[PDB]
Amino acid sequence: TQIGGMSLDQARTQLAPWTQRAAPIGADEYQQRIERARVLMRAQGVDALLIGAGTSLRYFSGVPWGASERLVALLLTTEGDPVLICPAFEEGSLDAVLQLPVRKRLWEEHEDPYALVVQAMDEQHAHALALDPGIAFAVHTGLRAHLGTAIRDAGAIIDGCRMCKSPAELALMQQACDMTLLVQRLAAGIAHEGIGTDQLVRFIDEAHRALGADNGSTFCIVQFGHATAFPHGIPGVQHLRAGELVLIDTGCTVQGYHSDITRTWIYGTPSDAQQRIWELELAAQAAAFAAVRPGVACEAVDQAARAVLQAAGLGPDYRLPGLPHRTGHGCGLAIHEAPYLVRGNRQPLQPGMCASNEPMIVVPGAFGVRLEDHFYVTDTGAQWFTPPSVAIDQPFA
């Protein structure tokens, strides 16, 4: 009853604007994020931090622009006011989206914005710069035209801020997750024999828009049959046949905060192998979740999932049939961010950290089954953002 049987008009009935709307991040929280960065900067012996346009600029200042070839950045020092370096011609647009008071340092098109960075450093007597690791290497080149000191990687500082989500961030992610879960459920409902992956992609986009996502689907991967064996996917449109597994990974954003949910369900009658592998996926996901509480090493969450698969005769390690990639990854203002649930990572989990749990099983040459639901770490355990699937033919709890 969850797979097939829903008409488009039945689906549309459940597609009004979301009414449980989480609050936007307020200016006081942006200030707290800045202050936190300053504490981590001082602990690392860093007195200047340069953040580039993108998810980290959005985190510290509210500016949601993507990175471009023009330097738009926030320079934070240990004690000075933050400085926002920006093309002069963009100031009006900047003013409309900035949520944080900053000094602006504007540059005209032929001027050197890197020199403005280094002058702001000099004014504040700052010598030890850490640079956003997501920023384009070109910024390194521009900075090095003016600075002779070594430029450090700002990852530990930025992760140290972003990894633990506040109550307001959690609620914005919760909203996105709730919306996406509904859309996943509606997509399974409208599926039928012969439906195209492209029709599902369009519907899912439309549904996410109707509910009030920032911009429809952030992405959408739909895979039928053998294509489900490819964790990243394959080009091409497909049409649904009985006996095929269907894997749908999609998500949206609410105020930039991401959902990212994967469901794998059977259309028609599953093989014994499909059923067996499906349930082992659910079990591995459950085992990872049960390992989650404060103080647990990220690698131990991955190993919990892996150990279930090994016991059942899959793997070991990354061997197929089995789990060829990590159990999960962090999520927030980016789709992938720290912390990473991966062998070798000793990062301890802490309250407020968010991460996917998606220990995909790939059966080489045959199919794959991926269940993905995110969780956050609580004071004494873990909270699912979305409840996990129940059966191969019941994708929704």
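All residue numbers are counted from 1 along the displayed sequence.
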**OP:** Between 34-42 and 49-57, point out the one with the higher average CA B-factor as the PDB entry records it.
**Re:** 34-42
Original post:
Do the C-alpha atoms of 99-107 or of 250-258 have the higher average B factor in the entry?
Top reply: 99-107
Subject >> Highest recorded Cα temperature factor - choice among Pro235, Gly142, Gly322, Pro87 >> reply: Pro235
Original post:
What's the residue among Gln303, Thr78, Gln174, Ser217 with the greatest CA temperature factor in the PDB record?
Top reply: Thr78
**OP:** Using the B-factors in the PDB entry, rank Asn345's C-alpha atom against the chain and give the third, lowest, middle or highest.
**Re:** middle
Subject >> Third of the chain's Cα B-factor distribution that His127 belongs to, per the entry >> reply: highest
**OP:** Pull the Cα B-factor of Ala382 out of the PDB entry and bin it into the chain's lowest, middle or highest third.
**Re:** lowest
Subject >> Among modelled residues of the same chain, the CA temperature factor third for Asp153 >> reply: middle
**OP:** Could you tell me which third, lowest, middle or highest, the C-alpha B-factor of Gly66 occupies within its chain?
**Re:** middle
